[PDB]
Amino acid sequence: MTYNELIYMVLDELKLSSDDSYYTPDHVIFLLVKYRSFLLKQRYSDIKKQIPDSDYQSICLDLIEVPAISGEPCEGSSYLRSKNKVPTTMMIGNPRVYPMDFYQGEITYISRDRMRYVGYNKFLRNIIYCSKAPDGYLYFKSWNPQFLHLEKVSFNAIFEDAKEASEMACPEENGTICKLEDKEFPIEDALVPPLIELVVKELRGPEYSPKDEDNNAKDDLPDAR
Amino acid sequence: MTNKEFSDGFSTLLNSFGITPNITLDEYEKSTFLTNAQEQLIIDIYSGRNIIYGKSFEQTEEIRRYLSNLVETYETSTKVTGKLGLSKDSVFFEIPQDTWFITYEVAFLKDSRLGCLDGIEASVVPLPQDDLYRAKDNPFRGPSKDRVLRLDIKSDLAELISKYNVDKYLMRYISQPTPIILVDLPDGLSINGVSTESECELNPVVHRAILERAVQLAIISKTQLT
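From first to last, the protein sequence lines stand for chains C and T.
Using the entry's author numbering, the letters of the first sequence correspond one by one to residues 1 to 225.
Using the entry's author numbering, the letters of the second sequence correspond one by one to residues 1 to 226.
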C-alpha cells in the first residue's frame, strides 16, 4: 500500500473531503508517521518477535571522507560519513548497512557507544562499523585503510520516521518517485487497521470542536463559538 | 382524461355558471393553471416534498406509474472542443436541452491502458466543487476505471473528469413534459413555446390530482387580495 491509500482511508473515515477543512492531509501524514512508530514500539519492544519485511525501508547513502575533528595531524584517523543526515533507526528490527547488495558484504551497524572501541581484536581489524553520531550523520570506522574508498552503501532498517527514510528512498528501476503520496508506506497490514483506528480516534473529537470564529479582537472559545 | 375532459371536469369542479358565486376561466387560463399544477406536482414528487405522497422519484409503484412517461434515455459521443475545465483529462458533453433532472448517468471508456477492461462501464458520480481537489487524488472516490466525476457548467454542459478516455456518455433523465393546452392558441400566445393543442403525456392516474391542484391554484389566483 501507498501513503495515498492510507491518507485517504483516514480522510474518508473522517469525511474530510471539502477543501475548506481545518484538518488537511498534512495532519494525517504527521499522525500516521508518528502512530506507526508508536505501534511498532508497542508490539516489538516487550519481547523479541519476528518482524515482517513490510516494516523495513532501504535508504541509499553517499559517503565522504571527513577528518575526525579537523585537519590536524594528531586529531586521529579519518572517518567516512554519509553526505546527508540519516534517519534514526528503531531498536526493534534488523538494521543492516549493505554495499548495494543485501546478500553480500559485512558492514556492521552498531551503537554509538560501542563504536568508540572496536577493531582491537586482531581478527576484527577488517570489519567496517557504522553508527549515527549526535551530529545526525552515519559515521564509518575501521582499522583497514581500504574502507576509505567506499563510495555507496544502502541501509535497511525500521526507521523511526517513515517520511524521512522514504524521502531518502533508493532509486527504483523506473526512476525516482517524486511525490511521497506515491511511495509505499512502511507497515504490515496486520498493524494498519489499528493505525487507522488510532488516528481516526485522535482526530474525531477535534473534528467537531468549536472555533474562535468571530473576528472581534476576542477569544470566543469559552462561548463555544 | 382528454383535453375536452380536462376542460369539462375543471368547469364542473369550479361550479362555473352555477347559481352560487363561482369562477369562470378562459381555456387559456385553464391551460396555464393545468400546466402550472402539472409541473409543480411532478417537481414536488421528484423531490419528495409532497406531503400527500411524501415519496421520492422511484420510491414506490405509485410514483413510478406517475412519472414513468417523462424518463428518457440519451447517448452521445461528440465532445465539445473549446472549453476551459478544471483538469487536463476533462471532456465536455452537450445536454439534450430538454432535461430537467439526470437520474442515471454512465460513461464508456476506450483506452489502451485498460488492459482487457476495455469498454468498462464506469459510473458517473456528480461531485461538488469543494470535493474536487481532494477527490482528484482519492483512490476510492476519484476518477478510475469504475468512476467518472461530472461537474455542471454554463451553456448546459457536463465536464467529465476521467483517468481514461471517454468515448460514449449514456444517461437517463426526466424530460420536459408536453404542456396541457386545451385549445389552439391565437397568434402570439403559447405555453412552453407550444401554440397548438397539447395533451398531457403522463398516466391517467395523476391527471385528476393535476386537476384539483389546478383548481386550487385558480382559486388562489382569484382570491389572493380579497
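C-beta atoms are modelled at their ideal positions from N, C-alpha and C, and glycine is treated no differently.
Taking a beta-carbon distance threshold of 8 Å, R141 (chain T) counts as an interface residue toward chain C. Contacts with chain T (Cβ-Cβ distance below 8 Å) from the segment 166–187 of chain C involve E181, listed in chain order. Put simply, the CB of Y8 (chain C) is near chain T, with a gap under 8 Å to one of its CB atoms. In chain order, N22 place their CB closer than 7 Å to the CB of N15 (chain T), counting only its own chain and leaving out the 5 sequence neighbours on each side. Beta-bridge analysis with DSSP links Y28 (chain T) to no other residue. By the Cβ rule, the segment 189–201 of chain C does not count as touching the segment 135–155 of chain T, because fewer than three pairs are nearer than 8 Å. The continuous beta strand (DSSP E) containing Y139 (chain C) extends over residues 138–141.
By the Cβ-count criterion, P128 (chain T) is exposed, with fewer than 16 other Cβ atoms from all chains shown falling within 10 Å of its own Cβ. Contact of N94 (chain C) with chain T is not assigned, every C-beta pair being separated by 8 Å or more.
Residues of chain T with a Cβ closer than 9 Å to the Cβ of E5 (chain C) are, in chain order, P139, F140.
Ranked by Cα distance from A157 (chain C), the first of C:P52, C:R125, C:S18 is C:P52. Interface flag for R65 (chain T) against chain C is unset, since no Cβ pair is found closer than 8 Å. The beta-carbon of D26 (chain C) is placed no less than 8 Å from the nearest beta-carbon of chain T. Comparing C-alpha distances from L203 (chain C) to each of C:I64, C:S54, C:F30 shows the shortest one belongs to C:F30.
Taking C-beta separations shorter than 7 Å and ignoring five residues to either side along the sequence, the partners of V66 (chain C) in its chain run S78, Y79, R81, following chain order. A residue is called buried once 16 or more other Cβ atoms fall within 10 Å of its Cβ, and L189 (chain T), having fewer, is exposed. Among the residues of chain T, none has a CB under 8 Å from the CB of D189 (chain C); the nearest is roughly 16 Å distant. Residue-level contact by beta carbon holds for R134 (chain T) and chain C, with a gap shorter than 8 Å.
Residues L41 of the same chain have their beta carbon placed closer than 7 Å to that of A209 (chain T), with the five preceding and five following residues left out of the count. Residue range 192–207 is occupied by the alpha helix (DSSP H) that includes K201 (chain C). For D131 (chain T), the chain C residues whose C-beta falls within less than 9 Å of its own C-beta are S17, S18, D19, listed in chain order.
Of the residues T:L114, T:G115, T:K163, the one whose Cα lies closest to the Cα of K136 (chain T) is T:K163. Interface with chain T (8 Å Cβ-Cβ cutoff): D12 (chain C) is included. Look at the beta carbons and you see the segment 165–175 of chain C touching the segment 47–62 of chain C: at least three pairs across the two are nearer than 8 Å. At the C-beta level, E106 (chain C) and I127 (chain C) come within 8 Å of one another. Taking the CA atoms as reference points, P25 (chain C) sits about 12 Å from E5 (chain C). Contact between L195 (chain C) and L14 (chain C) does not hold, since their C-beta atoms are separated by about 14 Å, which reaches or exceeds 8 Å. When C-beta atoms of the segment 76–92 of chain T are compared with those of the segment 60–68 of chain T, fewer than three pairs fall below 8 Å, so the two segments do not count as touching.
Between the alpha carbons of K122 (chain C) and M115 (chain C) lies a distance of about 16 Å.
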